[PDB]
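Colleague: Got a file for you: final-v8.cif, mmCIF, C-alpha atoms and all ligand atoms.
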data_start
#
loop_
_atom_site.label_atom_id
_atom_site.label_comp_id
_atom_site.auth_asym_id
_atom_site.auth_seq_id
_atom_site.Cartn_x
_atom_site.Cartn_y
_atom_site.Cartn_z
CA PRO I 4 5.70 -7.33 -15.43
CA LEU I 5 3.17 -7.94 -12.65
CA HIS I 6 1.91 -4.66 -11.18
CA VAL I 7 0.66 -4.07 -7.63
CA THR I 8 -0.30 -0.57 -6.46
CA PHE I 9 -1.28 0.61 -2.97
CA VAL I 10 -3.98 3.25 -2.54
CA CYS I 11 -4.89 5.64 0.27
CA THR I 12 -6.29 9.18 0.18
CA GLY I 13 -3.30 11.53 0.12
CA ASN I 14 -0.57 9.08 -0.94
CA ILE I 15 1.79 10.57 1.67
CA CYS I 16 1.43 8.29 4.69
CA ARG I 17 -0.26 4.87 4.47
CA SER I 18 0.10 3.86 0.81
CA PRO I 19 3.67 5.04 0.25
CA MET I 20 4.73 3.19 3.41
CA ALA I 21 3.19 -0.04 2.12
CA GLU I 22 4.76 0.58 -1.30
CA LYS I 23 8.37 1.06 -0.12
CA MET I 24 8.06 -1.84 2.31
CA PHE I 25 6.68 -4.35 -0.18
CA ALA I 26 9.04 -3.24 -2.96
CA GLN I 27 12.09 -3.67 -0.73
CA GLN I 28 10.88 -7.07 0.48
CA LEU I 29 10.54 -8.25 -3.12
CA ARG I 30 14.08 -7.05 -3.85
CA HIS I 31 15.38 -9.20 -0.98
CA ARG I 32 13.58 -12.15 -2.58
CA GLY I 33 15.17 -11.41 -5.95
CA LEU I 34 11.78 -10.63 -7.48
CA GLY I 35 12.31 -6.91 -8.07
CA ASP I 36 12.52 -7.19 -11.85
CA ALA I 37 9.40 -9.36 -12.06
CA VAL I 38 7.07 -7.11 -10.06
CA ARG I 39 6.36 -3.40 -10.35
CA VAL I 40 5.15 -1.75 -7.14
CA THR I 41 3.61 1.73 -6.97
CA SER I 42 1.05 3.73 -4.99
CA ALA I 43 -1.40 6.58 -5.49
CA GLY I 44 -4.05 8.56 -3.67
CA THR I 45 -7.74 8.97 -4.40
CA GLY I 46 -7.34 12.70 -3.80
CA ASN I 47 -4.92 15.19 -5.36
CA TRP I 48 -4.04 17.56 -2.50
CA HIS I 49 -0.44 16.28 -2.39
CA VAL I 50 0.51 15.50 -6.01
CA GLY I 51 4.28 15.86 -6.28
CA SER I 52 4.95 15.95 -2.55
CA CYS I 53 7.41 13.64 -0.81
CA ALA I 54 6.16 11.18 1.79
CA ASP I 55 5.22 12.63 5.18
CA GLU I 56 8.39 13.30 7.17
CA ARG I 57 7.09 10.99 9.92
CA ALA I 58 6.35 8.22 7.42
CA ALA I 59 9.88 8.43 6.04
CA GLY I 60 11.09 8.53 9.63
CA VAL I 61 9.51 5.21 10.58
CA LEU I 62 10.47 3.62 7.27
CA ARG I 63 14.07 4.63 7.89
CA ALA I 64 13.85 3.48 11.51
CA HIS I 65 13.18 0.00 10.12
CA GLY I 66 15.74 0.11 7.32
CA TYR I 67 13.40 0.74 4.39
CA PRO I 68 13.80 3.28 1.53
CA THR I 69 11.89 6.58 1.75
CA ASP I 70 12.13 8.26 -1.68
CA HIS I 71 8.64 9.12 -2.93
CA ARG I 72 6.60 11.41 -5.17
CA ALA I 73 2.89 11.50 -4.30
CA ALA I 74 0.43 11.00 -7.15
CA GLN I 75 -3.33 10.71 -7.63
CA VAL I 76 -4.87 7.50 -8.95
CA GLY I 77 -4.62 7.53 -12.74
CA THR I 78 -4.73 5.33 -15.84
CA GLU I 79 -1.45 3.65 -14.87
CA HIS I 80 -2.75 2.65 -11.43
CA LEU I 81 -6.20 1.51 -12.58
CA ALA I 82 -4.36 -0.79 -15.00
CA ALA I 83 -2.48 -2.61 -12.25
CA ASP I 84 -2.99 -6.36 -11.81
CA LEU I 85 -3.96 -5.66 -8.21
CA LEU I 86 -5.13 -2.50 -6.44
CA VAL I 87 -4.50 -2.70 -2.69
CA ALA I 88 -6.81 -0.44 -0.68
CA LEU I 89 -5.57 0.77 2.70
CA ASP I 90 -9.09 1.15 4.10
CA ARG I 91 -12.68 0.31 3.17
CA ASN I 92 -13.31 3.82 1.82
CA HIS I 93 -10.48 3.43 -0.70
CA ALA I 94 -11.90 0.05 -1.72
CA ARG I 95 -15.40 1.35 -2.40
CA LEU I 96 -14.02 4.29 -4.40
CA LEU I 97 -11.87 2.02 -6.58
CA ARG I 98 -14.82 -0.36 -6.92
CA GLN I 99 -17.20 2.44 -7.93
CA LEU I 100 -14.56 3.63 -10.39
CA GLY I 101 -15.01 0.44 -12.40
CA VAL I 102 -12.39 -1.93 -11.01
CA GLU I 103 -13.88 -5.41 -10.56
CA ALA I 104 -13.92 -6.89 -7.04
CA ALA I 105 -11.15 -9.43 -7.72
CA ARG I 106 -8.69 -6.59 -8.44
CA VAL I 107 -9.56 -4.52 -5.36
CA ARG I 108 -8.40 -5.99 -2.08
CA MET I 109 -7.83 -4.41 1.31
CA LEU I 110 -4.27 -4.69 2.55
CA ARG I 111 -5.22 -6.35 5.83
CA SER I 112 -7.12 -9.09 4.00
CA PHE I 113 -3.62 -10.43 3.32
CA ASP I 114 -2.72 -10.68 7.01
CA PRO I 115 -2.58 -14.43 7.81
CA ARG I 116 -4.88 -13.78 10.78
CA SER I 117 -7.50 -12.02 8.67
CA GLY I 118 -11.10 -13.14 8.70
CA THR I 119 -13.67 -12.72 5.94
CA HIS I 120 -13.99 -9.15 7.21
CA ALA I 121 -10.88 -7.16 6.30
CA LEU I 122 -9.76 -4.50 8.79
CA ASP I 123 -8.83 -0.89 7.94
CA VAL I 124 -5.34 0.53 8.32
CA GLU I 125 -5.80 3.80 10.23
CA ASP I 126 -4.52 7.10 8.85
CA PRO I 127 -1.70 8.33 11.15
CA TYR I 128 -1.54 11.88 9.80
CA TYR I 129 -3.21 13.49 12.83
CA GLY I 130 -1.48 11.20 15.30
CA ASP I 131 2.02 11.04 16.79
CA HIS I 132 5.16 9.04 15.96
CA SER I 133 3.57 6.19 17.92
CA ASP I 134 0.72 6.11 15.41
CA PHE I 135 3.17 5.90 12.50
CA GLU I 136 5.04 3.03 14.19
CA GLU I 137 1.70 1.28 14.64
CA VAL I 138 0.80 1.77 10.97
CA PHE I 139 4.17 0.27 10.08
CA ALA I 140 3.52 -2.79 12.28
CA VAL I 141 0.03 -3.32 10.83
CA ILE I 142 1.37 -3.13 7.27
CA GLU I 143 4.29 -5.37 8.19
CA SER I 144 1.84 -7.98 9.52
CA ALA I 145 -0.28 -7.89 6.36
CA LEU I 146 2.34 -8.08 3.59
CA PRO I 147 3.18 -11.78 3.95
CA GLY I 148 -0.12 -12.66 2.27
CA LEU I 149 0.67 -10.34 -0.62
CA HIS I 150 3.90 -12.26 -1.19
CA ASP I 151 1.82 -15.43 -1.52
CA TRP I 152 -0.42 -13.65 -4.02
CA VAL I 153 2.66 -12.67 -6.04
CA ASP I 154 3.99 -16.25 -5.96
CA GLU I 155 0.68 -17.52 -7.35
CA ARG I 156 0.64 -14.90 -10.11
CA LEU I 157 4.25 -15.37 -11.24
CA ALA I 158 3.50 -19.05 -11.78
CA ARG I 159 1.22 -17.91 -14.61
CL CL V 1 -4.60 9.11 3.45
#
Let me see the structure of the file written as structure tokens.

Modeller:
Amino acid sequence: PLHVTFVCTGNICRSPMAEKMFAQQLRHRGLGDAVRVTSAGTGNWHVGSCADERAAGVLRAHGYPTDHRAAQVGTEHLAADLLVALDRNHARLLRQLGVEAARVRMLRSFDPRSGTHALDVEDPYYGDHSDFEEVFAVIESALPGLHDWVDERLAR
């Protein structure tokens, strides 16, 4: 089973949002059994915690699932077929951890409007509900390219 994992720092806002969203989208496409989707954080200050109440709030506001258990990047995640970094800091950490460039890609590099320079997804933790809605929109705009990536991989 193909494995894609999203990575941010605390695994309570950005990455879990991308995880639930992409996983649900795959289910709608009937590809839920063929692709495993998870997420983790580079840090461990939230291991075991649910997603941020505001993150679950926006997910729910758009009809997506919210169940989540925060975790720090481990063996399981580093063994994914693709590690999706939320921002450039996450990417350099995963890179420096030993993951080759081809397996570390920033989420926004999948946005159809993306240029060679991939943009960061901002952390909404210290913002307001508006910031969480914006993070949702940014992620929503980037995922279509990840679906193409999955289609290419499943062909294998
Ligand atoms: Cl974070």

Colleague: Go through chain I residue by residue and, counting all atoms listed in the file, keep those with an atom at most 7 Å from ligand CL 1 (chain V); for each kept residue give the shortest atom pair and its distance in Å to one decimal, ordered by chain and increasing number, as a tab-separated table.

Modeller:
residue	atom	partner	partner_atom	distance
I:11	CA	V:CL1	CL	4.7
I:12	CA	V:CL1	CL	3.7
I:13	CA	V:CL1	CL	4.3
I:14	CA	V:CL1	CL	6.0
I:15	CA	V:CL1	CL	6.8
I:16	CA	V:CL1	CL	6.2
I:17	CA	V:CL1	CL	6.2
I:126	CA	V:CL1	CL	5.8

Colleague: Got time to write the residues from that selection, C-alpha atoms, as an mmCIF file, in the frame of the given file?

Modeller:
data_model
loop_
_atom_site.group_PDB
_atom_site.id
_atom_site.type_symbol
_atom_site.label_atom_id
_atom_site.label_comp_id
_atom_site.auth_asym_id
_atom_site.auth_seq_id
_atom_site.Cartn_x
_atom_site.Cartn_y
_atom_site.Cartn_z
ATOM 1 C CA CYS I 11 -4.890 5.640 0.270
ATOM 2 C CA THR I 12 -6.290 9.180 0.180
ATOM 3 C CA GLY I 13 -3.300 11.530 0.120
ATOM 4 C CA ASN I 14 -0.570 9.080 -0.940
ATOM 5 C CA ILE I 15 1.790 10.570 1.670
ATOM 6 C CA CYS I 16 1.430 8.290 4.690
ATOM 7 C CA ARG I 17 -0.260 4.870 4.470
ATOM 8 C CA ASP I 126 -4.520 7.100 8.850
#

Colleague: So what do you get for atom CA of residue I:75 versus atom CA of residue I:102, distance-wise?

Modeller: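 Result for atom CA of residue I:75 versus atom CA of residue I:102: 15.9 Å, one decimal.
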
Colleague: Using only C-alpha atoms, what table do you get, as JSON lines, when you list each residue of stretch 67-147 of chain I with an atom no more than 10 Å from stretch 26-35 of chain I, its nearest pair of atoms, and their distance in Å rounded to one decimal, rows by chain then rising number?

Modeller:
{"residue": "I:67", "atom": "CA", "partner": "I:27", "partner_atom": "CA", "distance": 6.9}
{"residue": "I:68", "atom": "CA", "partner": "I:27", "partner_atom": "CA", "distance": 7.5}
{"residue": "I:146", "atom": "CA", "partner": "I:28", "partner_atom": "CA", "distance": 9.1}
{"residue": "I:147", "atom": "CA", "partner": "I:28", "partner_atom": "CA", "distance": 9.7}

Colleague: When distances are computed from all atoms listed in the file, which of I:6, I:58, I:19, I:43 shows the smallest separation from residue I:133?

Modeller: I:58

Colleague: Using atom CA of residue I:109 and atom CA of residue I:144 as the two end points, give the distance in Å to one decimal.

Modeller: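 That distance, rounded to one decimal, is 13.2 Å.
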
Colleague: Could you check the closest approach to residue I:77 for each of I:45, I:63, I:125, I:119 and tell me which residue wins, using all atoms listed in the file?

Modeller: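 So, comparing all the options, the nearest one is I:45.
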
Colleague: Of the residues I:56, I:155, I:22, I:70, which is the one nearest to residue I:10, using all atoms listed in the file?

Modeller: I:22

Colleague: Determine, counting all atoms listed in the file, which protein, DNA and RNA residues have an atom within 9 Å of an atom of residue I:51; residues of the same chain fewer than 2 positions away are not included. Present the result as number ranges by chain.

Modeller: I: 49, 53, 71-74

Colleague: Could you name the residues that touch residue I:5 at 7 Å or less, counting only C-alpha atoms, but leaving out those on the same chain fewer than 6 positions away, as a list in words?

Modeller: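 What passes the distance filter is residues 37, 38, 39 and 84 of chain I.
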
Colleague: Report, in Å to a single decimal, how far apart atom CA of residue I:96 and atom CA of residue I:76 are.

Modeller: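 Answer for the atom CA of residue I:76 to atom CA of residue I:96 separation: 10.7 Å.
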
Colleague: Report as AutoDock Vina command-line options the centre and the edge lengths, in Å to one decimal, of the axis-aligned box holding every listed atom of stretch 25-38 of chain I, padded by 6 Å on each side.

Modeller:
--center_x 11.0 --center_y -7.7 --center_z -5.8 --size_x 20.7 --size_y 20.9 --size_z 24.5

Colleague: Can you tell me, as an MDAnalysis selection string, what residues are no more than 12 Å from residue I:108 when counting all atoms listed in the file, ignoring any on the same chain fewer than 3 positions away?

Modeller: chainID I and resid 7:10 84:98 102:105 111:114 119:123 145 148:149 152

Colleague: My list of candidates is I:40, I:4, I:21, I:54. Which is closest to residue I:139 when distances are computed with all atoms listed in the file?

Modeller: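 Answer, going by the shortest atom-to-atom distance: I:21.
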
Colleague: Ranking I:151, I:143, I:157, I:99 by minimum distance to residue I:36 and counting all atoms listed in the file, which one comes first?

Modeller: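 Closest residue, counting all atoms listed in the file: I:157.
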
Colleague: Could you check which of I:41, I:118, I:80, I:132 is closest to residue I:106, using only C-alpha atoms?

Modeller: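 Looking at the shortest contact to residue I:106, the residue is I:80.
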